[PDB]
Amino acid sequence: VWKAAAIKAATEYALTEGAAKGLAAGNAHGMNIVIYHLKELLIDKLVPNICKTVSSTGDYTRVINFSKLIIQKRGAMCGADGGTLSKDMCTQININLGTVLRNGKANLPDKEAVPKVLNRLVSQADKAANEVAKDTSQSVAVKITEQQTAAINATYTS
C-alpha cells in the first residue's frame, strides 16, 4: 500500500513530457527570432519570399542554406552598375551583411561575411531557444508533477 514506484514514474513522466514540450516551444521561438532579424537586417529586400520559405520548413538553423543566394542578389541589386535599390538601402544592407563596415572601409569579402552573420544569427536564436526551452520545461513539469501528486494523494486516502 505504498506510493513509492508511482511517484518515481510520475516525476519521470514529468521530466520527459517537460523536456519534449520545451523543445517545441524553443524551436518555434528560434524561428521567430531568425524571422525577425531577417527583416531587421533588410534581407527582405534582397530576397522577398525569404521569411515564408524559412518559415515553411521549421529548423531555424536552415537559414544558413540561403547564404549563396543572398550573396548573389546583393551583387545584383547593389552592384557597381548602380544597383536596383537606393543608395541608402545598399549602404545599410552592406553594413548589416558585414561587408562594408559602417565608417566606410571594406569589412570582409561578401563571401565570408554573409555566412558569418547568418551563423551569428542562428547562434543568437540558439541561445534564445535554449532559454525558452529550459523555461517551459520547468514550467510544464511543475504543473504536471503537481497535478499528478494531487491525484495520487486522493488515490491514497481511499
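Note that residue numbering follows the sequence shown and begins at 1.
Chemist: Taking only the CA atoms, which stretch has the higher mean B-factor in the record, 106-114 or 47-55?
Modeler: On average, C-alpha B-factors are higher across 47-55.
Chemist: Going by the CA temperature factor in the PDB record, which third of the chain does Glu131 belong to: lowest, middle or highest?
Modeler: It belongs to the highest third of the chain when residues are ordered by C-alpha B-factor.
Chemist: So where's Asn96 on the chain's Cα temperature factor ranking, which third?
Modeler: Lowest third - that is where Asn96 ends up once the chain's C-alpha B-factors are sorted.
Chemist: In terms of the chain's CA B-factor thirds, is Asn27 lowest, middle or highest?
Modeler: For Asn27, the deposited C-alpha B-factor lands in the lowest third.
Chemist: Going by the CA temperature factor in the PDB record, which third of the chain does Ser67 belong to: lowest, middle or highest?
Modeler: As the PDB entry reports it, the C-alpha B-factor of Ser67 lands in the middle third of its chain.
Chemist: Ordered by C-alpha B-factor within the chain, which third holds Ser137? Give me lowest, middle or highest, please.
Modeler: It falls in the middle third of the chain.
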